[PDB]
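When reading the values below, keep in mind they use all heavy atoms of this one structure, side chains included, and skip hydrogens, waters and symmetry mates. Per chain, numbering begins at 1; letters A, B, ... match sequence-line order. Note that ligands are numbered from 1 as they come in the structure, with each ligand's atoms numbered from 1 the same way.
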Amino acid sequence: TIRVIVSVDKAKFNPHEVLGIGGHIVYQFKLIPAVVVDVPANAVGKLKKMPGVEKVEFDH
Amino acid sequence: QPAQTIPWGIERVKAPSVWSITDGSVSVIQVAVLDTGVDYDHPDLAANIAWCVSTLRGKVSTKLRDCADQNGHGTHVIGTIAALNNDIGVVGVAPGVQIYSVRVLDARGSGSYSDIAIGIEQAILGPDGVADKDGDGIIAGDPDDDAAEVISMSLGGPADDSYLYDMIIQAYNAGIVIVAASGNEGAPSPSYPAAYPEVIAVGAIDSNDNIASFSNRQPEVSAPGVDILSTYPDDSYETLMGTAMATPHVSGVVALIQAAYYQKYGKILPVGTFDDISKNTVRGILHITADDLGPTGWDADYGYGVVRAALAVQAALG
Ligand SMILES: [Ca+2]
Ligand SMILES: [Ca+2]
Ligand SMILES: [Ca+2]
Ligand SMILES: [Ca+2]
Ligand SMILES: [Ca+2]
Ligand SMILES: [Ca+2]
Ligand SMILES: [Ca+2]
Ligand SMILES: [Zn+2]
């Protein structure tokens, strides 16, 4: 499992959908449209293609 | 507890002469320090700790045991901003300012960008969990809200992440002055978030007015960052060096500017930009009142120069 931060279009992204690729939500930002998620390392590819997903960034 | 001294850096940034005007104890003003946490019961700090929060591992906690400093770095930085002016220990640049201690770094003094971004969000939201309660677009400086007016980040890294930048943009749009360490690698330019245009990059000088060799270059301003005595756990004091120690001197000067301005005018100043050289903006004021060391003008070692609180406050109130 790795921690990544996803930048999303709120109107088009569903946080429940991260379970579908084996991940879970850690924190949903109140001030920016982004969410911290834990996903399997091999799932970063799939996450990138999810509905409403604009960017996936590694935790630095 | 030892008898109070004024550390050399506090004298250097010309803070003591400001105190008769303000010590920063204007009720709408808070400084959020995003660091390793705080020794919240330290006798030379306690009275100024207004809120203690932790964002470690992406969970927000206001539990004292989660927000307590396990490293020392946060306690040291906070003491340079806000150590009390009394009979003991040391004294901060703004010895009456309220502090929000936001723990984004762990026992190691290491932290994730995710936890840092959450920390910035907590500084904007404040204890009430809402950025703009009355919906008027005024956040920093609105006495109806509880947002911080200064975010102080004695930390940095090499990555420029989009979400972290978006969070910096949100703080900047809330009217918050953002101050961050240039970094300690002797690099040609500052670390992030210092390197963002919305953020004041702070380099370190020593007590001879020489730039520290470790100090990352092209800062916006510089400040005392070598042989800095401050508070340290548990209820003690320690001397350290780094751009992490320079940062809080600048954050304190900002806190005095905004406190004095609100005390006189019932508003705060706009944050301003890197290029600003007017008296109409916090950063403009910092730049024109800084002690211009090295070559004339902004230079890659000192930035615009060493911050000076006494002159900055006079420029603000003039
Ligand atoms: Ca405030
Ligand atoms: Ca203590
Ligand atoms: Ca003291
Ligand atoms: Ca609030
Ligand atoms: Ca408001
Ligand atoms: Ca208001
Ligand atoms: Ca110069
Ligand atoms: Zn997890």
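At least one N, O or S atom of B/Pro295 sits under 3.0 Å from the Ca ion (ligand 7). Inclusion of B/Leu125 in the first shell of the Ca ion (ligand 4) is supported: an N, O or S atom falls under 3.0 Å. At a threshold of 3.0 Å, the Ca ion (ligand 4) has no backbone or side-chain N, O or S atom of B/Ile124 nearer than that distance. Among the atoms of B/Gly303, no N, O or S atom falls under 3.0 Å of the Ca ion (ligand 7). Contact annotation: B/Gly297 places an N, O or S atom under 3.0 Å from the Ca ion (ligand 7). Taking 3.0 Å as the criterion, B/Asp132 does not count as a coordinating residue of the Ca ion (ligand 4), since none of its N, O or S atoms falls below it. Metal site remark for the Ca ion (ligand 7): B/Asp292 contributes an N, O or S atom at a distance under 3.0 Å. Taking backbone and side-chain atoms together, B/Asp145 has no N/O/S atom less than 3.0 Å away from the Ca ion (ligand 4).
Looking only at N/O/S atoms, B/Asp134 comes nearest to the Ca ion (ligand 6) through OD2. Its N, O or S atom nearest to the Ca ion (ligand 4) is what matters here, and for B/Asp128 that atom is OD1. Atom OD2 is the N/O/S atom of B/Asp299 found closest to the Ca ion (ligand 7). Among the heteroatoms counted here (N, O or S) of B/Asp146, OD1 is the one nearest to the Ca ion (ligand 4).
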Checklist entry - Checking side chain to side chain contact (heavy atoms under 4.5 Å, CB included) for the pair B/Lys59/A/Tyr27: CA distance, chi angles, key distance, verdict? => result CA-CA 7 Å; B/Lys59 52 95 129 133; A/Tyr27 186 86; over 6 Å; no
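At least one donor-acceptor pair under 3.5 Å links the side chain of B/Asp142 to the backbone N or O of B/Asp144. Although no hydrogens or angles enter the test, the distance criterion places no donor-acceptor pair under 3.5 Å between the side chain of A/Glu57 and the main chain of B/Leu164.
Looking only at atom types and distance, the side chain of A/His60 has a donor-acceptor partner in the side chain of B/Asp161 under 3.5 Å away.
Draw a line from the Ca ion (ligand 6) to OD2 of B/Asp136 and another to OD2 of B/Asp142, and the angle between them is 110° (to 10°).
For the pair B/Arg12 and B/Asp291, the salt-bridge criterion is met [side-chain N within less than 4.0 Å of a carboxylate O]. The residues B/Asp35 and B/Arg103 are annotated as not salt-bridged, no charged nitrogen and carboxylate oxygen being separated by less than 4.0 angstrom. The existence of a salt bridge linking A/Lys30 and B/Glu121 is excluded, since no basic side-chain nitrogen approaches an acidic carboxylate oxygen closer than 4.0 Å.
Here the CD1-OH distance, from B/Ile178 to B/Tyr196, works out to 11.0 Å after rounding to the nearest 0.5 Å.
Looking at heavy atoms from C-beta onward, B/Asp106 lies out of side-chain contact with B/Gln70 at the 4.5 angstrom threshold.
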